[PDB]
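Note: the block below is data_5.pdb and it holds PDB, C-alpha atoms.
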ATOM      1  CA  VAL A 112      10.798  13.986   0.302  1.00  0.00           C
ATOM      2  CA  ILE A 113       8.881  11.974   2.881  1.00  0.00           C
ATOM      3  CA  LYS A 114      10.440   8.849   4.405  1.00  0.00           C
ATOM      4  CA  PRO A 115       9.119   5.431   5.427  1.00  0.00           C
ATOM      5  CA  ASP A 116       8.353   5.158   9.133  1.00  0.00           C
ATOM      6  CA  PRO A 117       9.708   1.674  10.034  1.00  0.00           C
ATOM      7  CA  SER A 118       7.395   1.266  13.037  1.00  0.00           C
ATOM      8  CA  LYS A 119       4.500   1.415  10.494  1.00  0.00           C
ATOM      9  CA  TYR A 120       5.925  -0.034   7.258  1.00  0.00           C
ATOM     10  CA  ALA A 121       8.938  -2.115   6.248  1.00  0.00           C
ATOM     11  CA  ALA A 122      12.264  -0.253   6.512  1.00  0.00           C
ATOM     12  CA  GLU A 123      12.734  -0.703   2.756  1.00  0.00           C
ATOM     13  CA  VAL A 124      11.526  -2.865  -0.129  1.00  0.00           C
ATOM     14  CA  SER A 125      14.052  -3.908  -2.725  1.00  0.00           C
ATOM     15  CA  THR A 126      13.136  -4.106  -6.401  1.00  0.00           C
ATOM     16  CA  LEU A 127      10.303  -6.608  -6.660  1.00  0.00           C
ATOM     17  CA  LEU A 128      10.002  -7.185 -10.423  1.00  0.00           C
ATOM     18  CA  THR A 129      12.455  -9.487 -12.232  1.00  0.00           C
ATOM     19  CA  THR A 130      11.134  -8.696 -15.682  1.00  0.00           C
ATOM     20  CA  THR A 131      12.751  -6.035 -17.809  1.00  0.00           C
ATOM     21  CA  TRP A 132      10.183  -5.764 -20.575  1.00  0.00           C
ATOM     22  CA  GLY A 133       8.995  -3.203 -23.213  1.00  0.00           C
ATOM     23  CA  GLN A 134       6.516  -2.454 -26.011  1.00  0.00           C
ATOM     24  CA  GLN A 135       8.055  -3.768 -29.253  1.00  0.00           C
ATOM     25  CA  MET A 136       9.240  -7.141 -30.514  1.00  0.00           C
ATOM     26  CA  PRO A 137       8.591  -9.769 -29.317  1.00  0.00           C
ATOM     27  CA  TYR A 138       6.138  -8.228 -26.812  1.00  0.00           C
ATOM     28  CA  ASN A 139       4.059  -7.014 -29.758  1.00  0.00           C
ATOM     29  CA  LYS A 140       4.591 -10.138 -31.879  1.00  0.00           C
ATOM     30  CA  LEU A 141       0.842 -10.834 -31.992  1.00  0.00           C
ATOM     31  CA  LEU A 142      -0.187  -7.302 -32.954  1.00  0.00           C
ATOM     32  CA  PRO A 143      -0.771  -6.335 -36.609  1.00  0.00           C
ATOM     33  CA  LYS A 144       2.088  -4.897 -38.670  1.00  0.00           C
ATOM     34  CA  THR A 145       1.466  -1.668 -40.533  1.00  0.00           C
ATOM     35  CA  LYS A 146       3.299   0.292 -43.186  1.00  0.00           C
ATOM     36  CA  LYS A 147       4.409   2.578 -40.337  1.00  0.00           C
ATOM     37  CA  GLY A 148       5.882  -0.491 -38.581  1.00  0.00           C
ATOM     38  CA  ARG A 149       4.234  -2.971 -36.224  1.00  0.00           C
ATOM     39  CA  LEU A 150       1.800  -1.732 -33.614  1.00  0.00           C
ATOM     40  CA  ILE A 151       3.306  -1.329 -30.153  1.00  0.00           C
ATOM     41  CA  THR A 152       1.805  -2.837 -26.993  1.00  0.00           C
ATOM     42  CA  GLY A 153       1.251   0.391 -25.059  1.00  0.00           C
ATOM     43  CA  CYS A 154       2.743   1.502 -21.739  1.00  0.00           C
ATOM     44  CA  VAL A 155      -0.393   0.627 -19.831  1.00  0.00           C
ATOM     45  CA  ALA A 156      -0.247  -2.913 -21.259  1.00  0.00           C
ATOM     46  CA  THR A 157       3.476  -3.433 -20.603  1.00  0.00           C
ATOM     47  CA  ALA A 158       3.136  -2.196 -17.018  1.00  0.00           C
ATOM     48  CA  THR A 159       0.038  -4.364 -16.348  1.00  0.00           C
ATOM     49  CA  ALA A 160       1.804  -7.308 -18.015  1.00  0.00           C
ATOM     50  CA  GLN A 161       4.760  -7.055 -15.706  1.00  0.00           C
ATOM     51  CA  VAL A 162       2.690  -6.906 -12.486  1.00  0.00           C
ATOM     52  CA  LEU A 163       0.494  -9.833 -13.519  1.00  0.00           C
ATOM     53  CA  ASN A 164       3.743 -11.787 -14.213  1.00  0.00           C
ATOM     54  CA  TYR A 165       5.044 -10.953 -10.756  1.00  0.00           C
ATOM     55  CA  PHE A 166       2.135 -12.931  -9.310  1.00  0.00           C
ATOM     56  CA  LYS A 167       1.971 -15.446 -12.204  1.00  0.00           C
ATOM     57  CA  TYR A 168      -1.790 -14.997 -11.892  1.00  0.00           C
ATOM     58  CA  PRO A 169      -4.625 -15.659 -12.897  1.00  0.00           C
ATOM     59  CA  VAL A 170      -4.265 -19.112 -14.510  1.00  0.00           C
ATOM     60  CA  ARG A 171      -6.996 -18.194 -16.969  1.00  0.00           C
ATOM     61  CA  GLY A 172      -9.066 -15.166 -17.960  1.00  0.00           C
ATOM     62  CA  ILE A 173     -12.780 -14.367 -17.992  1.00  0.00           C
ATOM     63  CA  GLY A 174     -14.710 -13.886 -21.247  1.00  0.00           C
ATOM     64  CA  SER A 175     -13.554 -12.137 -24.403  1.00  0.00           C
ATOM     65  CA  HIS A 176     -13.311  -8.723 -26.047  1.00  0.00           C
ATOM     66  CA  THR A 177     -12.118  -6.895 -29.145  1.00  0.00           C
ATOM     67  CA  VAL A 178     -10.739  -3.462 -29.897  1.00  0.00           C
ATOM     68  CA  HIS A 179     -10.063  -1.960 -33.330  1.00  0.00           C
ATOM     69  CA  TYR A 180      -7.205  -0.259 -35.157  1.00  0.00           C
ATOM     70  CA  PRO A 181      -7.494   2.590 -35.970  1.00  0.00           C
ATOM     71  CA  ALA A 182      -9.231   3.522 -32.747  1.00  0.00           C
ATOM     72  CA  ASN A 183     -12.736   4.782 -33.632  1.00  0.00           C
ATOM     73  CA  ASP A 184     -12.665   3.726 -37.267  1.00  0.00           C
ATOM     74  CA  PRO A 185     -15.939   2.152 -38.459  1.00  0.00           C
ATOM     75  CA  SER A 186     -13.998  -0.432 -40.441  1.00  0.00           C
ATOM     76  CA  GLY A 187     -10.678  -0.852 -38.629  1.00  0.00           C
ATOM     77  CA  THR A 188      -9.043  -4.194 -37.872  1.00  0.00           C
ATOM     78  CA  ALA A 189     -10.179  -6.453 -35.017  1.00  0.00           C
ATOM     79  CA  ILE A 190      -7.672  -7.023 -32.258  1.00  0.00           C
ATOM     80  CA  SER A 191      -9.320  -9.658 -30.124  1.00  0.00           C
ATOM     81  CA  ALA A 192      -8.542 -11.461 -26.893  1.00  0.00           C
ATOM     82  CA  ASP A 193     -10.267 -14.595 -25.636  1.00  0.00           C
ATOM     83  CA  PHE A 194      -9.419 -14.435 -21.921  1.00  0.00           C
ATOM     84  CA  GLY A 195     -11.933 -17.180 -21.145  1.00  0.00           C
ATOM     85  CA  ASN A 196     -10.118 -19.862 -23.134  1.00  0.00           C
ATOM     86  CA  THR A 197      -6.549 -18.669 -22.484  1.00  0.00           C
ATOM     87  CA  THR A 198      -4.401 -20.567 -19.954  1.00  0.00           C
ATOM     88  CA  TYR A 199      -1.544 -18.137 -19.527  1.00  0.00           C
ATOM     89  CA  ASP A 200       1.808 -19.781 -20.105  1.00  0.00           C
ATOM     90  CA  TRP A 201       3.630 -18.313 -17.147  1.00  0.00           C
ATOM     91  CA  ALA A 202       6.418 -20.898 -17.241  1.00  0.00           C
ATOM     92  CA  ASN A 203       7.597 -19.412 -20.557  1.00  0.00           C
ATOM     93  CA  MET A 204       7.574 -15.761 -19.489  1.00  0.00           C
ATOM     94  CA  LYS A 205      11.361 -15.133 -19.909  1.00  0.00           C
ATOM     95  CA  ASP A 206      12.609 -12.380 -17.515  1.00  0.00           C
ATOM     96  CA  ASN A 207      14.551 -10.732 -20.402  1.00  0.00           C
ATOM     97  CA  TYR A 208      13.793 -10.942 -24.159  1.00  0.00           C
ATOM     98  CA  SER A 209      16.862  -9.003 -25.309  1.00  0.00           C
ATOM     99  CA  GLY A 210      18.655 -12.279 -25.997  1.00  0.00           C
ATOM    100  CA  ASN A 211      17.564 -15.206 -28.114  1.00  0.00           C
ATOM    101  CA  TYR A 212      14.413 -17.175 -27.237  1.00  0.00           C
ATOM    102  CA  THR A 213      12.128 -20.015 -28.298  1.00  0.00           C
ATOM    103  CA  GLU A 214       8.912 -19.106 -30.029  1.00  0.00           C
ATOM    104  CA  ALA A 215       7.050 -20.650 -27.086  1.00  0.00           C
ATOM    105  CA  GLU A 216       8.702 -17.980 -24.932  1.00  0.00           C
ATOM    106  CA  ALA A 217       7.842 -15.265 -27.498  1.00  0.00           C
ATOM    107  CA  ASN A 218       4.145 -16.240 -27.591  1.00  0.00           C
ATOM    108  CA  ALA A 219       4.009 -16.432 -23.827  1.00  0.00           C
ATOM    109  CA  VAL A 220       4.493 -12.686 -23.302  1.00  0.00           C
ATOM    110  CA  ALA A 221       3.036 -11.609 -26.663  1.00  0.00           C
ATOM    111  CA  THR A 222      -0.369 -12.881 -25.469  1.00  0.00           C
ATOM    112  CA  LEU A 223      -0.213 -11.293 -22.074  1.00  0.00           C
ATOM    113  CA  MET A 224       0.655  -7.989 -23.701  1.00  0.00           C
ATOM    114  CA  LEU A 225      -2.184  -8.405 -26.172  1.00  0.00           C
ATOM    115  CA  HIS A 226      -4.724  -9.233 -23.502  1.00  0.00           C
ATOM    116  CA  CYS A 227      -3.687  -6.541 -21.068  1.00  0.00           C
ATOM    117  CA  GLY A 228      -3.897  -4.045 -23.949  1.00  0.00           C
ATOM    118  CA  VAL A 229      -7.318  -5.270 -25.145  1.00  0.00           C
ATOM    119  CA  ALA A 230      -8.653  -5.419 -21.581  1.00  0.00           C
ATOM    120  CA  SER A 231      -7.813  -1.679 -21.187  1.00  0.00           C
ATOM    121  CA  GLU A 232      -9.494  -0.565 -24.413  1.00  0.00           C
ATOM    122  CA  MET A 233      -6.150   0.227 -25.907  1.00  0.00           C
ATOM    123  CA  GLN A 234      -6.184   2.636 -28.840  1.00  0.00           C
ATOM    124  CA  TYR A 235      -3.298   1.009 -30.639  1.00  0.00           C
ATOM    125  CA  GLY A 236      -0.648   2.802 -32.699  1.00  0.00           C
ATOM    126  CA  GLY A 237       2.711   2.624 -34.480  1.00  0.00           C
ATOM    127  CA  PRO A 238       6.178   3.223 -33.007  1.00  0.00           C
ATOM    128  CA  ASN A 239       6.018   6.964 -33.729  1.00  0.00           C
ATOM    129  CA  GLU A 240       2.359   7.403 -32.836  1.00  0.00           C
ATOM    130  CA  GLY A 241       2.307   5.249 -29.715  1.00  0.00           C
ATOM    131  CA  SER A 242      -0.452   3.175 -28.096  1.00  0.00           C
ATOM    132  CA  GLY A 243      -2.365   4.643 -25.151  1.00  0.00           C
ATOM    133  CA  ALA A 244      -5.204   3.719 -22.798  1.00  0.00           C
ATOM    134  CA  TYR A 245      -6.867   5.136 -19.649  1.00  0.00           C
ATOM    135  CA  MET A 246      -5.773   3.873 -16.225  1.00  0.00           C
ATOM    136  CA  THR A 247      -9.436   3.943 -15.312  1.00  0.00           C
ATOM    137  CA  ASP A 248     -10.287   1.417 -18.082  1.00  0.00           C
ATOM    138  CA  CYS A 249      -7.292  -0.594 -17.020  1.00  0.00           C
ATOM    139  CA  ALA A 250      -8.777  -1.090 -13.567  1.00  0.00           C
ATOM    140  CA  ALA A 251     -12.172  -1.995 -15.097  1.00  0.00           C
ATOM    141  CA  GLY A 252     -10.483  -4.485 -17.392  1.00  0.00           C
ATOM    142  CA  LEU A 253      -8.458  -6.184 -14.722  1.00  0.00           C
ATOM    143  CA  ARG A 254     -11.612  -6.746 -12.633  1.00  0.00           C
ATOM    144  CA  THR A 255     -13.741  -7.971 -15.539  1.00  0.00           C
ATOM    145  CA  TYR A 256     -11.400 -10.045 -17.695  1.00  0.00           C
ATOM    146  CA  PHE A 257      -8.675 -11.042 -15.260  1.00  0.00           C
ATOM    147  CA  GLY A 258     -10.644 -11.695 -12.080  1.00  0.00           C
ATOM    148  CA  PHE A 259      -8.985  -9.079  -9.869  1.00  0.00           C
ATOM    149  CA  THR A 260     -12.144  -8.040  -8.066  1.00  0.00           C
ATOM    150  CA  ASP A 261     -10.079  -5.850  -5.747  1.00  0.00           C
ATOM    151  CA  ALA A 262      -8.321  -3.917  -8.515  1.00  0.00           C
ATOM    152  CA  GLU A 263      -9.178  -0.235  -8.071  1.00  0.00           C
ATOM    153  CA  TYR A 264      -8.292   3.078  -9.667  1.00  0.00           C
ATOM    154  CA  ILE A 265      -7.269   6.217  -7.752  1.00  0.00           C
ATOM    155  CA  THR A 266      -5.610   9.552  -8.530  1.00  0.00           C
ATOM    156  CA  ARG A 267      -3.021  11.315  -6.379  1.00  0.00           C
ATOM    157  CA  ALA A 268      -5.246  14.368  -6.831  1.00  0.00           C
ATOM    158  CA  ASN A 269      -7.425  13.217  -3.897  1.00  0.00           C
ATOM    159  CA  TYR A 270      -4.663  12.503  -1.393  1.00  0.00           C
ATOM    160  CA  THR A 271      -2.247  14.566   0.672  1.00  0.00           C
ATOM    161  CA  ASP A 272       1.384  13.464   0.194  1.00  0.00           C
ATOM    162  CA  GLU A 273       1.377  11.685   3.605  1.00  0.00           C
ATOM    163  CA  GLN A 274      -1.749   9.687   2.723  1.00  0.00           C
ATOM    164  CA  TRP A 275      -0.633   8.792  -0.743  1.00  0.00           C
ATOM    165  CA  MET A 276       2.738   7.506   0.399  1.00  0.00           C
ATOM    166  CA  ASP A 277       1.168   5.606   3.281  1.00  0.00           C
ATOM    167  CA  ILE A 278      -0.619   3.585   0.617  1.00  0.00           C
ATOM    168  CA  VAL A 279       2.514   3.341  -1.497  1.00  0.00           C
ATOM    169  CA  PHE A 280       4.570   2.002   1.410  1.00  0.00           C
ATOM    170  CA  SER A 281       1.898  -0.259   2.907  1.00  0.00           C
ATOM    171  CA  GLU A 282       1.167  -1.795  -0.449  1.00  0.00           C
ATOM    172  CA  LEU A 283       4.831  -2.329  -1.299  1.00  0.00           C
ATOM    173  CA  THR A 284       5.345  -3.621   2.239  1.00  0.00           C
ATOM    174  CA  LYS A 285       2.577  -6.160   1.582  1.00  0.00           C
ATOM    175  CA  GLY A 286       4.692  -7.179  -1.438  1.00  0.00           C
ATOM    176  CA  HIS A 287       2.333  -5.676  -4.018  1.00  0.00           C
ATOM    177  CA  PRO A 288       3.901  -3.822  -6.970  1.00  0.00           C
ATOM    178  CA  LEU A 289       1.890  -0.917  -8.333  1.00  0.00           C
ATOM    179  CA  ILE A 290       0.642   0.111 -11.757  1.00  0.00           C
ATOM    180  CA  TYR A 291       1.317   3.823 -11.818  1.00  0.00           C
ATOM    181  CA  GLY A 292       0.807   6.724 -14.194  1.00  0.00           C
ATOM    182  CA  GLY A 293       1.717  10.380 -14.547  1.00  0.00           C
ATOM    183  CA  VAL A 294       2.077  13.140 -17.139  1.00  0.00           C
ATOM    184  CA  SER A 295       4.983  15.444 -17.981  1.00  0.00           C
ATOM    185  CA  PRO A 296       3.882  18.966 -18.552  1.00  0.00           C
ATOM    186  CA  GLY A 297       4.463  20.381 -22.000  1.00  0.00           C
ATOM    187  CA  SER A 298       5.660  23.762 -23.142  1.00  0.00           C
ATOM    188  CA  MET A 299       2.167  24.779 -24.441  1.00  0.00           C
ATOM    189  CA  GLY A 300      -0.197  22.209 -22.946  1.00  0.00           C
ATOM    190  CA  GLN A 301       1.561  19.674 -25.251  1.00  0.00           C
ATOM    191  CA  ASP A 302       1.730  17.173 -22.407  1.00  0.00           C
ATOM    192  CA  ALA A 303       3.439  13.736 -22.548  1.00  0.00           C
ATOM    193  CA  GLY A 304       1.970  10.914 -20.392  1.00  0.00           C
ATOM    194  CA  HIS A 305       3.251   7.457 -19.368  1.00  0.00           C
ATOM    195  CA  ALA A 306       2.464   4.315 -17.363  1.00  0.00           C
ATOM    196  CA  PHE A 307       4.903   2.205 -15.397  1.00  0.00           C
ATOM    197  CA  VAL A 308       5.489   0.127 -12.264  1.00  0.00           C
ATOM    198  CA  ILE A 309       6.674   1.133  -8.799  1.00  0.00           C
ATOM    199  CA  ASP A 310       8.322  -1.967  -7.244  1.00  0.00           C
ATOM    200  CA  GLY A 311      10.121  -0.768  -4.087  1.00  0.00           C
ATOM    201  CA  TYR A 312      11.583   1.929  -1.872  1.00  0.00           C
ATOM    202  CA  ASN A 313      14.640   2.730   0.263  1.00  0.00           C
ATOM    203  CA  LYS A 314      15.389   4.229   3.746  1.00  0.00           C
ATOM    204  CA  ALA A 315      15.834   7.564   1.937  1.00  0.00           C
ATOM    205  CA  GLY A 316      12.226   7.523   0.628  1.00  0.00           C
ATOM    206  CA  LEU A 317      13.057   7.144  -3.086  1.00  0.00           C
ATOM    207  CA  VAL A 318      11.212   4.568  -5.171  1.00  0.00           C
ATOM    208  CA  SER A 319      12.274   1.742  -7.504  1.00  0.00           C
ATOM    209  CA  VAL A 320      10.738   2.248 -10.989  1.00  0.00           C
ATOM    210  CA  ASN A 321      10.363  -0.026 -14.044  1.00  0.00           C
ATOM    211  CA  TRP A 322       9.376   2.200 -16.925  1.00  0.00           C
ATOM    212  CA  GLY A 323       8.903  -0.692 -19.369  1.00  0.00           C
ATOM    213  CA  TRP A 324      11.509   0.370 -21.874  1.00  0.00           C
ATOM    214  CA  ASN A 325      13.357  -2.918 -21.838  1.00  0.00           C
ATOM    215  CA  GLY A 326      14.758  -1.897 -18.452  1.00  0.00           C
ATOM    216  CA  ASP A 327      16.408   1.295 -19.702  1.00  0.00           C
ATOM    217  CA  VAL A 328      17.021   4.089 -17.161  1.00  0.00           C
ATOM    218  CA  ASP A 329      15.194   1.885 -14.641  1.00  0.00           C
ATOM    219  CA  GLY A 330      16.158   2.547 -10.984  1.00  0.00           C
ATOM    220  CA  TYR A 331      15.471   4.448  -7.772  1.00  0.00           C
ATOM    221  CA  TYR A 332      13.737   7.781  -8.381  1.00  0.00           C
ATOM    222  CA  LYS A 333      11.896  10.561  -6.445  1.00  0.00           C
ATOM    223  CA  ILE A 334       8.169   9.937  -6.667  1.00  0.00           C
ATOM    224  CA  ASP A 335       7.467  13.696  -7.069  1.00  0.00           C
ATOM    225  CA  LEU A 336       9.960  14.029 -10.000  1.00  0.00           C
ATOM    226  CA  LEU A 337       9.944  10.725 -11.939  1.00  0.00           C
ATOM    227  CA  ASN A 338      12.486  12.074 -14.429  1.00  0.00           C
ATOM    228  CA  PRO A 339      14.244   9.352 -16.443  1.00  0.00           C
ATOM    229  CA  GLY A 340      17.603  10.584 -17.723  1.00  0.00           C
ATOM    230  CA  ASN A 341      16.212  14.153 -17.755  1.00  0.00           C
ATOM    231  CA  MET A 342      14.350  13.691 -21.026  1.00  0.00           C
ATOM    232  CA  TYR A 343      10.893  13.771 -19.403  1.00  0.00           C
ATOM    233  CA  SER A 344       9.484  14.365 -15.891  1.00  0.00           C
ATOM    234  CA  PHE A 345       6.122  12.959 -14.740  1.00  0.00           C
ATOM    235  CA  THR A 346       4.691  15.166 -12.050  1.00  0.00           C
ATOM    236  CA  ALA A 347       1.122  16.058 -12.954  1.00  0.00           C
ATOM    237  CA  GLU A 348      -2.023  13.991 -12.591  1.00  0.00           C
ATOM    238  CA  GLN A 349      -0.352  10.992 -10.951  1.00  0.00           C
ATOM    239  CA  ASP A 350      -2.519   7.932 -10.464  1.00  0.00           C
ATOM    240  CA  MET A 351      -2.448   4.189  -9.777  1.00  0.00           C
ATOM    241  CA  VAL A 352      -4.352   0.906  -9.872  1.00  0.00           C
ATOM    242  CA  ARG A 353      -4.087  -0.798  -6.504  1.00  0.00           C
ATOM    243  CA  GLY A 354      -5.759  -4.024  -5.430  1.00  0.00           C
ATOM    244  CA  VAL A 355      -3.866  -6.161  -7.930  1.00  0.00           C
ATOM    245  CA  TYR A 356      -2.561  -9.439  -6.456  1.00  0.00           C
ATOM    246  CA  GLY A 357      -3.378 -13.118  -5.853  1.00  0.00           C
TER     247      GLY A 357
END

Taking this structure as input, can you express it in the form of structure tokens?
Amino acid sequence: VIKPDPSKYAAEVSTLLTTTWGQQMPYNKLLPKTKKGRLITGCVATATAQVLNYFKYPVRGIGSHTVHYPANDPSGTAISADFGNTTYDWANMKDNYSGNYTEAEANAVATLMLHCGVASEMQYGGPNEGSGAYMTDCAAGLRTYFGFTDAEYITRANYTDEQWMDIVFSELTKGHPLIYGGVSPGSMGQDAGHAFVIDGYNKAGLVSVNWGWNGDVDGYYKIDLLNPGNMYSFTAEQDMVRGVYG
């Protein structure tokens, strides 16, 4: 496990995010209900949501867009987001929705989750089925609909460990949390894949992670393992969207 050189980067970066969010109520409040329960926001959305909240930015989005549930159904339901006319209510983004809250506060995050989802071409789904998108479309969406013209997608595939971590440290050092994805290899190519935020590191070279499960099993982890409570372990096909900040 490679360690942060303090003559190049900061000696450590303590957990940046203050949100401890997830994919269900009230984050999904504005998504359709179904007979298999209400649609969930998606890991990509929840992770993007959290980072955008960190910067409380942009004030307002750019344009509009719609996706449909079920995904490629010729007559599915419209799930639309008008970024252009939405002034995001950052003030009412509670750090933790596990308690009670005003509706104002519910709608605050419910919209961000919606929009982030829509902006990534989310294929929405139920609690059992899940909602997924592609990190690549997430980048594209951030640029187009959120105004992050520097947002950029990259895979760990194309970088040696030293180079990858250089970016990880330098970005965290600059105070920029990272949207980050990886997949946990299945027993017969039945892979499981997830998106989350990396919001720090320590002298030891471990990383602070916010998985977006209402802050469950959140904490400092090894970037090569990423193994929350030994249920899963996200090693393969790691990737990120950098260039997200004010």

Legend entry - One-decimal distance in Å that lies between CA of residue 274 (chain A) and CA of residue 131 (chain A):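 We find that CA of residue 131 (chain A) and CA of residue 274 (chain A) lie 29.6 Å from each other.
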
Inset, instruction - Kindly provide, as a count of residues only, the polymer residues lying within 12 Å of (4.6, -4.6, -24.5), counting all atoms listed in the file and using the coordinates exactly as they appear in the file. - result: 51

Inset, instruction - Using the chain letters and numbers from the file, give me the residues hit by the PyMOL selection byres ((chain A and resi 250-262) around 7), as a PyMOL selection string. - result: chain A and resi 169+172-174+194+230-231+246-249+263-264+352-355

Inset, instruction - Considering only C-alpha atoms, state which residue in the set A:237, A:320, A:286, A:176 is at the smallest distance from residue 193 (chain A). - result: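 Looking only at the distances to residue 193 (chain A), the closest residue turns out to be A:176.
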
Legend entry - Reference answer for the PyMOL selection byres ((chain A and resi 190) around 8), as a ChimeraX atom specification: /A:142,177-180,188-189,191-192,229

Please produce an output containing C-alpha atoms for each residue in the selection, written as an mmCIF file, keeping the file's coordinate frame.
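Saved to again-v4.cif:
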data_model
loop_
_atom_site.group_PDB
_atom_site.id
_atom_site.type_symbol
_atom_site.label_atom_id
_atom_site.label_comp_id
_atom_site.auth_asym_id
_atom_site.auth_seq_id
_atom_site.Cartn_x
_atom_site.Cartn_y
_atom_site.Cartn_z
ATOM 1 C CA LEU A 142 -0.187 -7.302 -32.954
ATOM 2 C CA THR A 177 -12.118 -6.895 -29.145
ATOM 3 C CA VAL A 178 -10.739 -3.462 -29.897
ATOM 4 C CA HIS A 179 -10.063 -1.960 -33.330
ATOM 5 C CA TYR A 180 -7.205 -0.259 -35.157
ATOM 6 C CA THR A 188 -9.043 -4.194 -37.872
ATOM 7 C CA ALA A 189 -10.179 -6.453 -35.017
ATOM 8 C CA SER A 191 -9.320 -9.658 -30.124
ATOM 9 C CA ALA A 192 -8.542 -11.461 -26.893
ATOM 10 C CA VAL A 229 -7.318 -5.270 -25.145
#

Inset, instruction - Please indicate the distance in Å from CA of residue 196 (chain A) to CA of residue 218 (chain A), rounded to one decimal place. - result: 15.4 Å

Inset, instruction - Pick out the residues sitting within 7 Å of residue 287 (chain A), and hand them over as a ChimeraX atom specification; count all atoms listed in the file, and ignore anything fewer than 4 positions along from it in its own chain. - result: /A:282-283,356

Inset, instruction - Just give me the gap between CA of residue 285 (chain A) and CA of residue 165 (chain A) in Å, one decimal is fine. - result: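 Atom-to-atom, CA of residue 285 (chain A) and CA of residue 165 (chain A) are spaced 13.5 Å apart.
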
Inset, instruction - Return the single residue from A:337, A:268, A:315, A:347 that is closest to residue 300 (chain A), with distances computed using all atoms listed in the file. - result: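 Of A:337, A:268, A:315, A:347, the one nearest residue 300 (chain A), counting all atoms listed in the file, is A:347.
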
Inset, instruction - Could you tell me which of A:113, A:296, A:303, A:213 comes closest to residue 271 (chain A) if we count all atoms listed in the file? - result: A:113

Inset, instruction - Using the chain letters and numbers from the file, give me the residues hit by the PyMOL selection byres ((chain A and resi 204) around 8), as number ranges by chain. - result: A: 164, 200-203, 205-206, 216, 219-220

Legend entry - Minimum-distance residue to residue 304 (chain A), chosen among A:145, A:127, A:350, A:330 (using all atoms listed in the file): A:350

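Nearest-residue note for residue 349 (chain A): choosing from A:294, A:309, A:299, A:278, the minimum distance belongs to A:294, counting all atoms listed in the file.
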
Legend entry - For residue 302 (chain A), the nearest of the candidates A:197, A:209, A:266, A:344, counting all atoms listed in the file: A:344

Inset, instruction - Within 6 Å of residue 123 (chain A), counting all atoms listed in the file, which residues show up once you throw out same-chain ones fewer than 4 positions away? Write them as a PyMOL selection string, please. - result: chain A and resi 312-314

Reconstruct N, CA, C and O atoms of region 334-344 of chain A from the incomplete input and present them as an mmCIF file, keeping the file's coordinate frame.
data_model
loop_
_atom_site.group_PDB
_atom_site.id
_atom_site.type_symbol
_atom_site.label_atom_id
_atom_site.label_comp_id
_atom_site.auth_asym_id
_atom_site.auth_seq_id
_atom_site.Cartn_x
_atom_site.Cartn_y
_atom_site.Cartn_z
ATOM 1 N N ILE A 334 9.530 10.130 -6.186
ATOM 2 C CA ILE A 334 8.169 9.937 -6.667
ATOM 3 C C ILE A 334 7.522 11.236 -7.157
ATOM 4 O O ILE A 334 6.646 11.193 -8.019
ATOM 5 N N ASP A 335 7.962 12.381 -6.630
ATOM 6 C CA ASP A 335 7.467 13.696 -7.069
ATOM 7 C C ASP A 335 8.040 14.122 -8.438
ATOM 8 O O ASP A 335 7.380 14.858 -9.180
ATOM 9 N N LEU A 336 9.267 13.680 -8.745
ATOM 10 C CA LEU A 336 9.960 14.029 -10.000
ATOM 11 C C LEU A 336 9.653 13.037 -11.112
ATOM 12 O O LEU A 336 9.060 13.414 -12.123
ATOM 13 N N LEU A 337 10.064 11.782 -10.922
ATOM 14 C CA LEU A 337 9.944 10.725 -11.939
ATOM 15 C C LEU A 337 10.491 11.183 -13.302
ATOM 16 O O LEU A 337 9.739 11.366 -14.267
ATOM 17 N N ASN A 338 11.814 11.339 -13.359
ATOM 18 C CA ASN A 338 12.486 12.074 -14.429
ATOM 19 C C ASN A 338 13.609 11.277 -15.092
ATOM 20 O O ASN A 338 14.790 11.601 -14.923
ATOM 21 N N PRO A 339 13.249 10.233 -15.850
ATOM 22 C CA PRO A 339 14.244 9.352 -16.443
ATOM 23 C C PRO A 339 15.235 10.064 -17.361
ATOM 24 O O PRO A 339 14.854 10.682 -18.363
ATOM 25 N N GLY A 340 16.505 9.994 -16.972
ATOM 26 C CA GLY A 340 17.603 10.584 -17.723
ATOM 27 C C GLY A 340 17.339 12.000 -18.193
ATOM 28 O O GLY A 340 17.814 12.381 -19.257
ATOM 29 N N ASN A 341 16.578 12.772 -17.410
ATOM 30 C CA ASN A 341 16.212 14.153 -17.755
ATOM 31 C C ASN A 341 15.742 14.391 -19.180
ATOM 32 O O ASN A 341 16.043 15.427 -19.757
ATOM 33 N N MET A 342 15.023 13.437 -19.761
ATOM 34 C CA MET A 342 14.350 13.691 -21.026
ATOM 35 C C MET A 342 12.977 14.232 -20.667
ATOM 36 O O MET A 342 12.628 15.352 -21.052
ATOM 37 N N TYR A 343 12.236 13.432 -19.889
ATOM 38 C CA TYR A 343 10.893 13.771 -19.403
ATOM 39 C C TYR A 343 10.863 13.877 -17.873
ATOM 40 O O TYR A 343 11.872 13.645 -17.212
ATOM 41 N N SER A 344 9.699 14.239 -17.334
ATOM 42 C CA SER A 344 9.484 14.365 -15.891
ATOM 43 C C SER A 344 7.997 14.347 -15.524
ATOM 44 O O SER A 344 7.287 15.328 -15.781
#
